[PDB]
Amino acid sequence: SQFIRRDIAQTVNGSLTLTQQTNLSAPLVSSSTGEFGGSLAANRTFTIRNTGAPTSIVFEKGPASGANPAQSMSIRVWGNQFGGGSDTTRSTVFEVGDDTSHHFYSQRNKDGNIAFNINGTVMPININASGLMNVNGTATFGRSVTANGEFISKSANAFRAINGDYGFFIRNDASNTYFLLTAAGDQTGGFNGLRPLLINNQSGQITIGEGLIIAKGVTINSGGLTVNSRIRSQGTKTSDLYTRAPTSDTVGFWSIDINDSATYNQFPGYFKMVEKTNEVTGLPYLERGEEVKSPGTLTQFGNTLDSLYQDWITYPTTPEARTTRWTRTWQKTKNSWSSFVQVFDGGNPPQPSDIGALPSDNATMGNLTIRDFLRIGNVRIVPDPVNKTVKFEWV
């Protein structure tokens, strides 16, 4: 009776020490602890039971040598829903980490949602998120960035292209949208004084501030044009300007400086003028001399092949030369230019021979008729219509 029996159930009240292998073929059921100085193994399932305190696995750090960690680590499954206090939303938490702080944890809250928190930098190879993305800090991309949706910036300086010494960028300052440039070597900085293009956010009016060059034509459909402070409409100078029929490309307003002898010999020149004086009145008048070829400005007006005309103004290249203007008109139905005619002005007056008038002095004519009187020197000759009589008076 004070020995243990091998055939029936017994209760051992002494402390046993087993020096040989122990073999079990039925459940081991303990109400206390289990320390093993060697490794341990179980089949299929290991369960950590909970009787009021959260369950955990602890990985000891061991001695500070070899491949051992600096701190012990643990896996703990816990919560605060039943904790009674400010926060009770962390329903189920699977937490990993060490003596200092957690490394990471996954959790399901009361609302049923799952979060996987990392207390540092996550370092994946690839990322593939099926839902949203939020990043509070600066983002950097090593290659292209493609979106099926819209790119949106809430920064004034919104979109920037950097290359070489210069940064170009789009800036919305709520009043206007600017296309701006940086100083050389300040690619990430602010804008310089240049204002290449801007758009008024309210009116849509565009302003270009550093000059504009256009190729292949400009058309203003409405509102007209205002220019400060000059317009150079420079026509196409060809050798055949005198006889060149207009085309749809050459109609319109323009000017050409014809300064080459080969061409302006074909155009009208100016006239040498001689100043003469009336012996009687002392009033001067100009008399036309020889035609002299001269360079000049050819100017065209009119917008269609029906409506087109030209002015030819000569300019002096010699100290004694004078300026004379000429005009012509395009004749579509005749398919030719009208002949140049001289413009009459104070420097190129019409001549008595040009209009069919009698010269003021030294004149010769076929016949003349006088009604009231004819004075010769001091002798007046007066007809008397009532009778058939003439009177010779003198003073």
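One-based numbering along the sequence shown.
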Quick note on 261-269 and 154-162: per-entry mean CA temperature factor is higher in 261-269
Averaging C-alpha B-factors over each stretch, which comes out higher, 384-392 or 1-9? 384-392
Hey, out of 302, 217, 189, 235, whose CA B-factor is highest in the deposited coordinates? 189
Sorting 284, 211, 97, 137 by Cα temperature factor from the record, which one lands on top? 284
Of the three thirds of the chain ranked by Cα temperature factor, residue 221 occupies the middle
What third of the chain, by the recorded C-alpha B-factor, contains residue 30? lowest
Chain third (lowest, middle, highest) by recorded CA B-factor, residue given as residue 122: middle
Entry-reported C-alpha B-factor of residue 250 relative to its chain, by third, is middle
When the deposited Cα B-factors of this chain's modelled residues are ordered and cut into thirds, is residue 293 in the lowest, the middle or the highest one? middle
